[PDB]
Every structure is written in structure tokens, then in C-alpha cells.
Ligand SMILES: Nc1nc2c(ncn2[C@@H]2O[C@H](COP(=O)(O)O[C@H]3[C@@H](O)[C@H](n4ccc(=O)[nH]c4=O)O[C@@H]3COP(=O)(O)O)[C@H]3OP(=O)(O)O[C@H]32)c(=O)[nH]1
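Take a look at this single chain in C-alpha cells; it is the form solved without the ligand.
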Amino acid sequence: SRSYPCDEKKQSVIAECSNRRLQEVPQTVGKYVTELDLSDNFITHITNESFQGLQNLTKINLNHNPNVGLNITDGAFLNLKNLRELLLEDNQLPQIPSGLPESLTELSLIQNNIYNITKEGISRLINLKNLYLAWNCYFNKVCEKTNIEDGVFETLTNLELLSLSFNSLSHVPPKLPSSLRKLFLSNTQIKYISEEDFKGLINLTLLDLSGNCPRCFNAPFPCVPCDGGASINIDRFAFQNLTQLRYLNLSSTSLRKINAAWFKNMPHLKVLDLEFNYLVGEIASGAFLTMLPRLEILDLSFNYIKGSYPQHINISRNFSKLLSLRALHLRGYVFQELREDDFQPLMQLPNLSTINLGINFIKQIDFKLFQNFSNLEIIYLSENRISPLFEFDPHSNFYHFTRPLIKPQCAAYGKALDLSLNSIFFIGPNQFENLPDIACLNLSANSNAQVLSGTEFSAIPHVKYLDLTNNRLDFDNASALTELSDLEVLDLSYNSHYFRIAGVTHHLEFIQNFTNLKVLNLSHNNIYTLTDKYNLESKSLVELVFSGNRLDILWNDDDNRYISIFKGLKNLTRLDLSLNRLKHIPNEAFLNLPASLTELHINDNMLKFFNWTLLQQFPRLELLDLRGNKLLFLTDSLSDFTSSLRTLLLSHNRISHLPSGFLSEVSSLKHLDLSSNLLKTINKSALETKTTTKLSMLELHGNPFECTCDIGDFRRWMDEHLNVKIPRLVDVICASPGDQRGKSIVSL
């Protein structure tokens, strides 16, 4: 029996049951299921019958039910002897639910309406390791100060993580377990940290005190400062017994001075976050810096003085004692010029690999200074003024984004310089003098309108990944970029400015000159006319992204000039012609696509016709993507035209008929996506081969199926081929007749 309404899975056994409009815990869950995800449904009541006979349940996720309060009876879960993880986020719960099972090691009640943390609801959960209560009372929510029963956490002697962020606390609760490794108290309205607060927490590796006495100017959320925008008050001995602290978060605590004695018994401190404070003075002096010879990451972002646009950044000499430092983040300090001598203190630190000066309104940099660091790998200068020479995710970081500064594919080639979002509108015979051996260069969004001519990158000739996106480049010279012999990836996306104008000349001939070029992105360039040379040619190129151009124009029926546009891409395996307004492709142009292709995307066009017989000329073709078109016709003889194709994507088309022996004899086809077409039925001979079907996935959701006895053949087929996954059966719905309408074809 193919499972329903949940999708079950492989490896422990998962019931994927989220987001399928369920009203109750459905009663047809596989009795062998260990993990049940019921999140994002319309479930409103939970009782002792809800999970009965699912006694092997280890994890239940009920996050985000119902979608626009969850009712949980006392003891509702108390049966499930093996229940370890219970996730009850975003449920509008008024209280901790009563009579939870003592087997719990993980309980998340994030984003509910619980202002009372009691012994009654918690103190018995003696096996709890992770307890999450964040984001119950915050910002301008109408909510109550949170009452924590004295001693409530004391009995929890296995507790390693406790999160109370984004609740109104006022004080650090007394009588916390000495088992704690991670304590989260961000934005809890605590103004004073005493000596007793953390005294017995000798296993703590992480303490987050961010957002208490916040710096409120220009906050993107409702923000309540401490009287007079004063600092957090942290007793001299607050951290004296926290010898195992690796992580300390003091962002937006309105700090003006950092007491070096806070760090005296913290020899392992690794990551220190001091964002959104007032530490310009502390950065320029910085006694505390001497206490941190093992620090790896230091974040001093958004410490700018309101109203101030100083000429220079002022870094203490004491930064030279940060011997382990690997990353320094100095965004939002705000300054006009970076000179060589201003970073002297950083230049001997052996492991300093990332310098982040994002968002400083810097107008000029003496670039030669970067060489003098011992080993930079990521010089991040995005979003400055350099010129020619849930509202908030409770499970994310609130003060910044955690994404890599540089795209990992670009940074993997070596040393990276990101000058994106500046004003280098023209390079510059000497723009890149005195730089290291830059491998990854990001010049996206610099308003560049120059004609590149083959000499502009001559001082950084080993760039291997070049990002030129979102400029205004005038591609009017056949030698552009040819100085970059090692170039492997080139991204020219969103440079439509001159391609748009038919009366200026356009030259893409340089593409052929590269011997190592693997990936070229020409997307969203509105390319519809080229000058003299009408063809793209390269012996190396493996991937071309040609989405968001005008192949409808290039391949217009009355024009032969571009019918070989891609044929000289002799090595190509992956081609993307999406978003090109194509109504049909001339036969001859389709036949002139590279025979090497393994992957072809023509999705989101307006294709009314596809010549399937032309697939014969593409013996390596494995994936064909035709989603989002206006196709009506499937061939009845695919096996005559291909023995390679593994995946065929056809969702969002107008196919109302699957032909007799459609499947036959297409051995290679593993995945067929027919979702969102106009199929009313599927007849017995449509899926039939007497040969061996390797079909493992068939998508059918969003078809207007007629649920009369004519569906019974397909139903029988589903019974007889349990190995062919049909996902989201709850969305494989009857459109007709009216008694059936809305119901899954399976439940009939």
C-alpha cells in the first residue's frame, strides 16, 4: 500500500506530511514511522488519540498549525514512550502544554504566547537537553512580561542549551543547571549582569547577551533603549568562572568601553561579536585586545558614530596581539579613505584571511596595502564609493546574514577581491596594480559602460572566475578580456544596456579565445543582434546560460544568419535557453545545437510545438526541460528518437492526452514530470511496456482529473507499480464530477 497522505522515506523512517492542508493528525501513518512532520497544516486539536499506535515515534514536528491557536489536551503526548524531539513552534500556545512525556530530550516552543514558565510544565522533563523558548514576547507584540518560576530549570541536570531570547526577562534567572553549554538571552531586557548570574556555569561555551540596552538609532525593528541609551552593566566578575567560553555575543548592548578583565579567565574565546555598539574609541585603543590571543573571528560592524564621516579608520596597535585572528569584520564604521599605514597593526597576523570593509562609504583605497598582509584570501570591499583610480527567522542570526561573503564557487579558485556595488565605471590602465594574484574578481554593479579591449586586466592576468554582472558594458571589441588566459568562469549577466540598441555594434568574438573557459553566463542581456559574426564558438565551453535573451528574434523564420549560433560550442554539455520568448525553434536551428549536450533547458518560453524526432541527433541527452510552455503534443514513439533521456520535464504545459505506448520502449527514462497539464485521465495503454521500465518518478499533481470509472485503470496501475513514486497525492485531485471534486484520486 502506497502511503497517504504522507510521503514516507528511507533513512530511521520519515513521514513527510507537511503543508498538505490536513485538518487532523491523519490516522493512516505507517506504524513503522519514527519521525513525523506535520508542520504547516490546518491542525487545530491534539489529543491522546492523535498519535495512538505510533508508539515508535521519536520526533514530532507540529510547527505552524493551524495556518490562520493549536489545542493540546493535558497529557495528550504522554503515551509516546520513545518521543525525544517535539517541535511546537508558531502555534499560538498560551501555556507550556501540561503532561509532556519525560522521555523528551528536545522541546521547541519558539513563537508562541507563553509568558509563564512553570515547574508544573517543565520541571519533570528531566532528560531535556535542548529547551527553546525564544520569541514569545517582543517588539510591539501585545504580551506580558515573562514569569519564570524560581528554580524551574534547576531539576534539568542534563540541559545543555537554553534559549530565552526575545522575551521580557529583566533579570538573568537564578538557579540555572550547571550542565549548560549554550545560553541564549538576546533581547530580554536585562540591563545588569551581576557576579552571581553565571557563577556556576563552568561548562558554558556560548553566551549570547546581544540586544540588552540596545543601540536604537535607525533600527529596522521596534527598539527600546536603556535610560539615556546607557550601556549594559556587566559586573567586573560576571564571567570569572566561564573558562570554557568560545562564543560571546554582545551585539547591540550600547557598549562604549570594554573591560579587559571580563576576558581574564577566558583563554579559549574564539568568536566575539561586538556589532552595533559605540566602540570607535575602543577600536582605536582597545586594551581588551591583548586578552584574546586565540580569537579567530572578531566582528565590529556598525560601530559608526552617528553623523560622522571621518577621513580615516583608526585601528589600535593592539590588534597586533590577535595572533589567531582569521576574520575581521569592520562594516559600517564609515570613513573616506583607507591608507597603507592604517592597517599596519594587521599585517603580521599569520592566519588573517578575511577582511570585511563592506558598507563604509569608502572613496579611495591604497590597494598596494593588501599585498603586505601575510595572507589575505578574501578582500571584501562591496558597497562602498570606490571610483576609478517570519519577519526575522528565529533560527538565524539576528544581527547579520550568515551567507559566505564570496560565492564558494568563486572563492574556491583562490584569492578573492570583491569590489561589487561600487563606482568603478571605467578600468583603468593602473586600476589593479600592486594586487596579489587575484583568482576571483567581483566587479558586479559598478555602472561600467566601457568598451573592454583586452588590456584592462593585464595586471591581474590569472583571474579564473570573473563576475561582471549588472553593469552597462559595451561589447564592441573582439579582444575584450582575452588577456585572461586562465579564465574558467565568466558571468556577463544583466549587461543589456547596449545589446538593447540595434544601431550600435555588438561583438562577442572574444569567447573563442579562451582555452580553459568552462562556464559562460550571458543571461538577461536582451541579445537579439550581433555585428559580422553571428556565432558563438569555443572548443572548451561546457555550460552556456542564454536565458533572458531574444532567440525568438535571432531564430525568426525569415532569417538564416543565426541558425548555427551555438554549433561552434563544440564541447557543450549544458545549455539554458529559458526565457527567450520562443514560440517554436526552426528544425535546422535545433539540429545545429551541439551534439555533445547532456542537459537542455527551454523552460518558460511559449513553445507551441516541439519536434521530438530531432532528439535522434542528441545521443548524450539526459535531461530535457520544457516546463512552462504551451505544448499540446507528446510523441507516441519517443524510444525511436532517444535511448539516453533520463529526465523529461513537462509541467506547466497543455498536454491533455498521453499516447498509446508513450512509455514504450524508453528504457532510460527515470523521471517524468507531467504536473500541471490538462490530463483528464490516463488510459491503460499509455503506461505500458512489455520491456523493463526504469521509471522511478512520475509527477501528476495539478491535472484536472475526471474521477469516474475511467480512472480505475490508472488506479490499478498505481497499485501494481508501488516502486514508481507519485509525489503529493493529496494534490493529485479530481476536477470532475462534483461529488468527487477536490478529493485526491487515491481516496475515492
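So that the term is clear: the rigid core is the largest set of C-alpha atoms that superpose within 1.5 Å between two forms. Only residues modelled in both forms are compared. Numbers for residues come from their place in the sequence shown, where the first is 1.
What comes next is about the form deposited with the ligand bound, which is not displayed.
Student: Please check if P404 has a heavy atom lying within 4.5 Å of any heavy atom of the ligand in the deposited complex.
Tutor: So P404 counts as contacting the ligand.
Student: Give a yes/no on whether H400 approaches the ligand to within 4.5 Å in the deposited complex, heavy atoms considered.
Tutor: Yes, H400 is a contact residue.
Student: With the cut-off set at 4.5 Å between non-hydrogen atoms, does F139 touch the ligand in the deposited complex?
Tutor: Although the ligand is absent here, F139 would stay clear of it in the deposited complex, with no heavy atoms inside 4.5 Å.
Student: So in the deposited complex, is the ligand close enough to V271 to count as touching (4.5 Å, heavy atoms)?
Tutor: Yes.
Student: What I'd like checked is whether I297, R326 and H329 together line the ligand in the deposited complex, meaning each has a non-hydrogen atom within 4.5 Å of it.
Tutor: All of them do, each having a heavy atom within 4.5 Å of the partner.
Student: Of the residues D197, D625, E275, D604, which one places a heavy atom within 4.5 Å of the ligand in the deposited complex?
Tutor: None of the other options qualify; the answer is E275.
Student: Only one of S108, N356, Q111, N535 gets a heavy atom within 4.5 Å of the ligand in the deposited complex. Which one?
Tutor: That would be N356.
Student: Just one stretch in 554 to 562, 673 to 681, 404 to 412, 647 to 655 has heavy atoms within 4.5 Å of the ligand in the deposited complex, so which one is it?
Tutor: Partner-contacting stretch among the options: 404 to 412.
Student: Among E340, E665, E106, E588, which is the residue that shifts its C-alpha 2 Å or more between the shown form and the other one, core superposed?
Tutor: So the only displaced C-alpha belongs to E665.
Student: After superposition on the rigid core, which segments of 3 or more consecutive residues show C-alpha displacements of 2 Å or more between the shown form and the other one?
Tutor: The run that moves is 663 to 665, and no other.
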